Amino acid sequence: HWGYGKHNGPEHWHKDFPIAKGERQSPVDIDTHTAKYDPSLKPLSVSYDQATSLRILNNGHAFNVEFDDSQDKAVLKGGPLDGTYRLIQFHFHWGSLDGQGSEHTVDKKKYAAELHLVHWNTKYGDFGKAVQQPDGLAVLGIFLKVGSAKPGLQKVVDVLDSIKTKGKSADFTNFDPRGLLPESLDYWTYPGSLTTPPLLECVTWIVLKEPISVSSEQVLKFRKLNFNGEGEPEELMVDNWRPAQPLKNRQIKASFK
Ligand SMILES: CN(C)c1nnc(CS(N)(=O)=O)s1
Ligand SMILES: [Zn+2]
């Protein structure tokens, strides 16, 4: 099935998922000189105080930290969003070397990694119904650069040993996603898609301008994860990022002047 290797990677996805060549695909290059400040944007409200993490799963592509979304506990609202969007999970994309790993790029600049916090529109009742709607999802994207350690990430880093291979999960309750955010909520926004198959075009993308810094040893531990399942030959989980896709006359708006 789909992956990130020569034979099952981004160049192959369109065959099972035709939308791969659609009109609102993600990620994209953010050309800072073409993006326009949008005064009609409301302030962004990230409300992760009551967040109820459940567990962490190696899904054979990345790792997912999952949340209880049966109530309005951790929500994204404001900005380009109408209504309330519930946090369902987060995951990362990263590279084999520090000069690559992010999905979105900024004036062609690739970061070492990128964090995605995934939310669904509560008017649709559940995630599965939301992914049938043009405004069903919102994903908050955050760039990672190598420098000082990120304290709020270490609990995640700590547990990676326990989920080395595809299909492994560990209890991951009481994790606070507020520790993964940069200081500024300045962002670019555009309408886009999931960056993995099924590549559904139901996402409002909100990409933060300010990267977080993570340590060399923190990213190294990401790169020790496996794509393969237990007892299979070792394929290091690295370079699990889709490259930038055609903007196609979409408008990237900036929240900042
Ligand atoms: C079912 N969910 C929560 C997801 N499906 N594909 C995902 C990857 S991405 N890059 O957030 O679109 S996240
Ligand atoms: Zn993602």
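So, how was this worked out
- As drawn, each chain counts its residues from 1 in written sequence order, possibly unlike the entry's numbers, and residues without coordinates are not displayed.
- By the order in which they are written, chains take letters starting at A while ligands take numbers starting at 1.
- Hydrogens and waters are ignored; side-chain quantities use all the structure's heavy atoms.
- Put simply, two rings from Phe, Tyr or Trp (the six-membered ring, in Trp's case) pair if the centres are within 6.5 Å, and we call them stacked under 30 degrees between planes, edge-to-face over 60, tilted for the rest.
- The buried label applies to any residue whose accessible area, calculated with a 1.4 Å probe on protein chains only, is under 20% of its type's maximum; exposed applies above 50%, and partly exposed to all values in between.
- Helix and strand assignments follow DSSP, with helices taken as H or I runs no shorter than four residues and strands as E runs no shorter than two, numbered in order from the N terminus.
- We call two residues in contact whenever any of their non-hydrogen atoms come within 4.5 Å of each other.
- UniProt positions are given in the numbering used here, feature names are shortened, and annotations may be inferred rather than shown by experiment.
- Whenever a carboxyl oxygen of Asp or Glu lies within 4 Å of a side-chain nitrogen of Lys or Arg, that contact is scored as a salt bridge.
- Sites may look incomplete, because water is not among the atoms used; the donor set itself consists of N, O and S atoms within 2.8 Å of the metal (3.2 Å for Na, K and Ca).
- Donor angles set the geometry label: tetrahedral for four donors if every angle is between 85 and 135 degrees, square planar for four and octahedral for six if opposite donors exceed 155 degrees and the others are between 65 and 115, irregular for anything else.
- One heavy atom within 4 Å of a molecule or strand makes the whole residue count as near it.
- Whenever a nitrogen or oxygen atom comes within 3.5 Å of another N or O atom, the pair is scored as a polar contact, on the condition that within protein one atom can donate a hydrogen and the other can accept it, and that pairs from neighbouring residues in sequence are kept only if both atoms are in side chains.
- Using the Shrake-Rupley algorithm and a 1.4 Å probe, accessible areas are obtained, with residue cover drawn only from the displayed protein chains.
- Using a grid of 1 Å spacing that covers the protein atoms alone, one calls a set of points a cavity when a 1.4 Å probe fits there but cannot get out, and a pocket when the set is open and has protein on both sides within 12 Å along at least five of seven lines; lining residues are those with an atom within 4 Å of a point.
- For a molecule to be placed in a cavity or pocket, more than half of its atoms must lie within 2 Å of the grid points of that cavity or pocket.
- The residue classification treats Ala, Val, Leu, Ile, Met, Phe, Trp, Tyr, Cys and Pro as nonpolar and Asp, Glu, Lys and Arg as charged. All others, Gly included, are polar.

**Focus on the packing of aromatic side chains**
Scanning the entire structure with this criterion turns up 14 aromatic pairs. Between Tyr 4 and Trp 13 the ring centres are 5.6 Å apart and the planes differ by 75°, which places this aromatic pair in the edge-to-face class. In terms of burial, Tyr 4 and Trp 13 fall into one category: buried. For the ring pair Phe 63 and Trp 94, a centre distance of 5.9 Å and an interplane angle of 40° mean the geometry is tilted. With a gap of 31 residues between them, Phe 63 in strand β5 (residues 63–67) and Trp 94 in strand β7 (residues 81–94) connect regions that are remote in the sequence.

**Topic: the environment of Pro 43**
Assignment of secondary structure puts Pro 43 in the loop between β2 (36–37) and β3 (44–47). For the pair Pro 43 and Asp 186, spaced 143 residues apart in the sequence, the C-alpha separation amounts to 9.7 Å. Once residues lying within four places of it in the same chain are set aside, the contact partners of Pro 43 are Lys 77, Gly 78 and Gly 79.

**Observations regarding the UniProt feature "active site" in the protein**
The residues that UniProt annotates with the feature "active site" are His 61. Tracing the backbone shows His 61 in the loop between β4 (53–58) and β5. By relative accessible area, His 61 is classed as buried at 14%. When neighbours within four sequence positions are excluded, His 61 is seen to be in contact with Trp 2, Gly 3, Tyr 4, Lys 166, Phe 227, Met 237 and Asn 240.

**A look at the pattern of salt bridges**
Applying the stated criterion across every chain yields a total of eleven salt bridges. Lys 248 is the partner of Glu 23 in a salt bridge, and the nearest nitrogen-oxygen pair spans 3.4 Å. Highlighted residues: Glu 23 in the segment before β1 (29–30) and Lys 248 in the loop between α3 (216–222) and β15 (253–254), separated in sequence by 225 residues. By relative accessible area, which is 53% here, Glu 23 ends up exposed. The class of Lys 248 is partly exposed, set by a relative accessible area of 33%.

**A few points about the coordination of the zinc ion (ligand 2)**
Surrounding the zinc ion (ligand 2) are the protein donor atoms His 91 (NE2), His 93 (NE2) and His 116 (ND1), which sit 2.0 to 2.1 Å from the metal. One can describe the donor arrangement at the zinc ion (ligand 2) as tetrahedral, given that its four donor atoms subtend angles of 93 to 120° at the metal. Mapping the donors of the zinc ion (ligand 2) onto the primary sequence yields the spacing H-x1-H-x22-H. Within this pair, whereas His 93 is found in strand β7, its partner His 116 is found in strand β9 (residues 113–121), the two being separated by 23 residues in sequence. Each member of the pair, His 93 as well as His 116, is classed as buried.

**Quick look at the site of ligand 1**
As a structural note, the neighbourhood of ligand 1 is formed by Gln 89, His 91, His 93, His 116, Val 118, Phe 127, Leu 194, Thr 195 and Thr 196. Between a nitrogen atom of ligand 1 and a side-chain N or O atom of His 116, the distance comes to 3.4 Å. In this structure, a nitrogen atom belonging to ligand 1 sits 2.6 Å away from a side-chain N or O atom of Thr 195. Protein chains shield 81% of the accessible area of ligand 1, which is 360 Å² for the free molecule. Comparing atom positions with the cavity grids shows ligand 1 to sit within the largest pocket. Those elements that provide at least two residues to the shell around ligand 1 are β7 and β9. It is β7 that provides the largest number of residues to the shell around ligand 1, a total of three residues. When grouped by side-chain class, the residues that make up the shell around ligand 1 number three nonpolar, six polar and no charged.

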